[PDB]
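As structure tokens, one chain now follows by itself in the form deposited in one PDB entry.
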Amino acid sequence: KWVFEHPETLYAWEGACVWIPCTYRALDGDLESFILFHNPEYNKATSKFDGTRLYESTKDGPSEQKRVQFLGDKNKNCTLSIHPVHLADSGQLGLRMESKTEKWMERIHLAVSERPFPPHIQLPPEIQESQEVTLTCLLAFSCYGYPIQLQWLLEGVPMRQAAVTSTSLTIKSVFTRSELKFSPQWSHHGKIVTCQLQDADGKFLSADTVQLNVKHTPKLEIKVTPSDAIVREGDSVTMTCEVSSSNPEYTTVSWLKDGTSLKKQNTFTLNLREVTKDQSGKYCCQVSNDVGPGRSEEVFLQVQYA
């Protein structure tokens, strides 16, 4: 029973580095030899592991200027460092360990892409206007030798809101995260948000893009005929209610005169026939969707005597 604790799969790209936190417990006790293979192959005939050796405790254990470094010890630490990492390093890292009475091979998968891979934006399934939402950008990479930055963009412009970067680099998980808190408005709907990955000097590396879907109450434009909203008694007045933006789709419409609802006016058009001076006042329409009700600007109807 050999117990190992490591991220089990590490990601990087050509020219960057990888840092592999690793602890272990050998019930047999202290180690006597350590070999780090790359893509180790097992020889059934000789009962030994063949393949490329990247580190040997007998030979490489040094000059401090070495691409592959073993940073652990013969006890409880198996931390590895490859700086820089190459596409040829991609595959199986085989930690060939031997205790006094037993030998163990612990494999750690290393996935290296030729170019930087994009980050991943995670956002809640329902985003509503005027509620603080945290956008999360997640990159499955973090290495000391290669500092990086995550940059938020809105329609190609750097976003005003401060974003907070945090990095995990543990036996459990390796990532770089950026969280941006902002309250979206109805105008943010349909816009694109970009999370840019940059190196320490701001050089563009990769990016992920999402188009925002922001729920909002209906936004309305009211129009009146005649346009000046001034009529004599007996004339006819027509007011229409137009939905400029609504997410999701609107479901009901109502009309109000001076704060009181006009009964049986449940269409997007209000027709006042043979108007009396009574019907002067302030008019508006209200359109509701699943998010809530919206109201248009008020129209001041002036019915002048005779």
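Throughout, rigid core stands for the largest set of C-alpha atoms superposing within 1.5 Å between the two forms. Note that residue numbering begins at 1 and tracks the sequence as displayed.
K.L.:
In a third or more of the other compared PDB entries with flanking residues modelled, does residue 30 go missing?
P.N.:
No, residue 30 is modelled in every other compared entry.
K.L.:
Check this for me: in at least a third of the other entries compared, is residue 275 absent while its neighbours are modelled?
P.N.:
Residue 275: unmodelled in a third or more of the comparison entries.
K.L.:
Look at the stretch from residue 259 to residue 260 and count the residues of the deposited sequence that the entry does not model, then pick none, 1 to 3, 4 to 9, or 10 or more.
P.N.:
Missing residues, residue 259 to residue 260: none.
K.L.:
Highest mean C-alpha temperature factor of the two stretches 219-227 and 99-107, which is it?
P.N.:
According to the PDB entry, the answer is 99-107.
K.L.:
Taking the recorded C-alpha temperature factors, which stretch has the higher mean, 62-70 or 30-38?
P.N.:
Between 62-70 and 30-38, it is 62-70.
K.L.:
Taking the Cα B-factors listed in the entry, which of 267, 240, 52, 279 comes out highest?
P.N.:
Each of 267, 240, 52, 279 was compared by C-alpha B-factor; the highest is 279.
K.L.:
When the CA B-factors of 85, 162, 197, 212 are compared as recorded in the entry, which is the largest?
P.N.:
In this record, 162 carries the highest C-alpha B-factor of the candidates.
K.L.:
Quick one: classify residue 186 as lowest, middle or highest third of the chain based on its Cα B-factor.
P.N.:
Residue 186: CA B-factor falls in the lowest third of its chain.
K.L.:
For residue 124, does the deposited CA B-factor place it in the lowest, middle or highest third of the chain?
P.N.:
Highest third, going by the recorded CA B-factors of the chain.
K.L.:
Taking the entry's C-alpha B-factors for this chain, is residue 92 in the lowest, middle or highest third?
P.N.:
Its C-alpha B-factor, which the entry lists for residue 92, ranks in the lowest third among residues of this chain.
K.L.:
Sorting the chain's CA B-factors, does residue 43 end up in the lowest, middle or highest third?
P.N.:
For residue 43, the deposited C-alpha B-factor lands in the highest third.
K.L.:
Using the B-factors in the PDB entry, rank residue 57's C-alpha atom against the chain and give the third, lowest, middle or highest.
P.N.:
It falls in the top third of the chain.
What follows is about the form deposited in another entry, which we do not show.
K.L.:
Residue 242: CA shift of at least 2 Å between this form and the one not shown after core fit?
P.N.:
No, shifts by less than 2 Å.
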